[PDB]
Engineer: 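Below is one structure. I have some questions about it.
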Amino acid sequence: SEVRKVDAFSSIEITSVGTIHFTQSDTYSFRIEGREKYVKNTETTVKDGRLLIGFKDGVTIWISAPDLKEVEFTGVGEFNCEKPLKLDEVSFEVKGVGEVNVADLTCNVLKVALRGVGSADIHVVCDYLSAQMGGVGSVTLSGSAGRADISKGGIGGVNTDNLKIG
């Protein structure tokens, strides 16, 4: 289990392979675990408040930050947040092969785009919710949304059976 010093970030982009566990906290923190050859080949950089996780040339990553605006899952793996999350506007994009699991989100605006292969399973209380599943997989939404704009152009399904409108 390696700890890395990282600059303040409010967005996360992962282009390599790995499981991310996110915790909302006033303290920024980055911890990585796995085989030494994969941990040493995992590059982390913060540019203009965006945390970039990629290859230098499967790890488990624990991240904490007070705010989260964008999650761009360009690579392969999972993005998990099981603890309560209170945000303003947050967007989740699965372009690669990914899985987004958010157990307890409160926000103004939620944006979800499953462009690649995978799934998004989110429990949310929000004012506006936007979801699109153009790829191959499924989006499962539960909780409540004041307004919801949902489309499913791809292969799979969008499940909103337990999502309250209003």
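When reading the values below, keep in mind they use all heavy atoms of this one structure, side chains included, and skip hydrogens, waters and symmetry mates. The first residue of the sequence shown is numbered 1, and numbering continues consecutively from there.
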Engineer: Provide the full list of side-chain hydrogen bond (donor to acceptor under 3.5 Å, both in side chains) pairs with a residue in residues 113-125, sequence neighbours left out, each pair given once.
Structural biologist: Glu93-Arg115, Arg115-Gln132, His123-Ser142
Engineer: Under 3.5 Å, side chain of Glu2 to main-chain N/O of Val39, donor-acceptor pair present?
Structural biologist: no
Engineer: With a cut-off of 3.5 Å and sequence neighbours excluded, list every side-chain donor-acceptor pair involving residues 147-166.
Structural biologist:
unit_1	atom_1	unit_2	atom_2	d
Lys152	NZ	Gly154	O	2.8
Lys152	NZ	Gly156	O	3.4
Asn159	OD1	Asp161	N	3.0

Engineer: Quiz question: by atom type and distance under 3.5 Å, do the side chains of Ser64 and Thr23 form a donor-acceptor pair?
Structural biologist: no
Engineer: Under 4.5 Å between any side-chain heavy atoms of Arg4 and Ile32, yes or no?
Structural biologist: yes
Engineer: Side chains of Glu99 and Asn101 only: does a donor on one sit below 3.5 Å from an acceptor on the other?
Structural biologist: yes
Engineer: Spell out, yes or no, whether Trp62 and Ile53 are grouped together once hydrophobic residues are joined by side-chain heavy atoms under 4.5 Å, including indirect joins.
Structural biologist: no
Engineer: If you take the centroid of each ring, where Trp contributes its six-membered ring, are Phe92 and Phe73 closer together than 6.0 Å?
Structural biologist: no
Engineer: Checking side-chain contact (heavy atoms from CB on, under 4.5 Å) for the pair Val90/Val71: CA distance, chi angles, key distance, verdict?
Structural biologist: CA-CA 8 Å; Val90 59; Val71 174; 5.5 Å; no
Engineer: Answer yes or no: is there a side-chain heavy-atom contact under 4.5 Å between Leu85 and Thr106?
Structural biologist: no
Engineer: Compare all side-chain heavy atoms of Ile122 with those of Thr140 and state whether any distance is below 4.5 angstrom.
Structural biologist: no
Engineer: Honestly curious: do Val109 and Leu141 fall in one hydrophobic cluster under the side-chain, below-4.5 Å linking rule?
Structural biologist: no
